[PDB]
């Protein structure tokens, strides 16, 4: 089997991407944030504290003939941005782009933090990291991909995120029309539960490539590119007037700037992020200070190849017995 679904930016900045997901019988379609940095499929629901729902579409398990309470199971998750959610668990039928999994754990939120409430466009998350990170207790649950894997034509999924445009998540096949040149594969460590890999270096604009190992995670659920302070300083030093602002929470730059590109290495291959991808616009409405899309990972504890990086590539998440990651230009 295979599946193919379009993923759409939630706003004009590509802050996140939503993908329609069918849950239950008859189908309830919710727009979920596919997140290769976590491993829980959770949804706003009829159980979510009413004051914490503001415009989201909810899953109502009592209206699904295939929903079953997973008795005794609870979940609770906290994300890198400080947001969180928790609740109980149902199993139900879940379909993505025509690919169906029966008995998928659908984690129903009883509580969500303010950041989730305040974003009416995201109805929940669909985790695509390794199932070892799943938070369901006392019986850990598998991700949608893990459950689908054996049925897939090939044990892979691909992320093809757009810049200010829709893109695609495919399951079970590699669309050879969706990228240019060849795909370069690189080793993955699953030791921390992430799609963790080592970039071979970087360049800023038309500058020379610096060969240096940068361990980080491929994370579709993180908006920006978070890299070591040395690398980030080298990038922003090429933008007149750019500076790190503790008050704003990272590097800002004059909105009048033209940003240089940023290249990262994948083995001997190179992925070029155009400068425009690094512009996250005014820090507040009407400001002439703009927020940068490359930020320091210092104090996160891990480097994160988030959407800014991933959307410059066609990315293969190869879930074979020994997982790997593939990157192609597009």
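One is the number of the first residue shown, and numbering goes on along the chain from there.
The backbone N, Cα and C atoms fix where each Cβ goes, and this holds for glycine too.
Residues or ranges marked as domain 'Peptidase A1' by Swiss-Prot: 17-328. The active site feature in Swiss-Prot is assigned to 35, 199. Annotation source Swiss-Prot lists disulfide bond at 255-290.
Here the features listed in Swiss-Prot are placed on the structure.
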residue : record         : Cβ contacts under 8 Å, 6 or more apart
35      : active site    : 125, 126, 127, 128, 129, 219, 220, 221
199     : active site    : 213, 214, 215, 216, 264, 265, 266, 305
255     : disulfide bond : 281, 282, 287, 288, 289, 290
What three-state secondary structure does DSSP assign to residue 290 (disulfide bond)? strand
Based on DSSP, name the secondary structure state of residue 255 (disulfide bond): helix, strand or coil. coil
Cβ packing number for residue 290 (disulfide bond), 10 Å threshold: 22
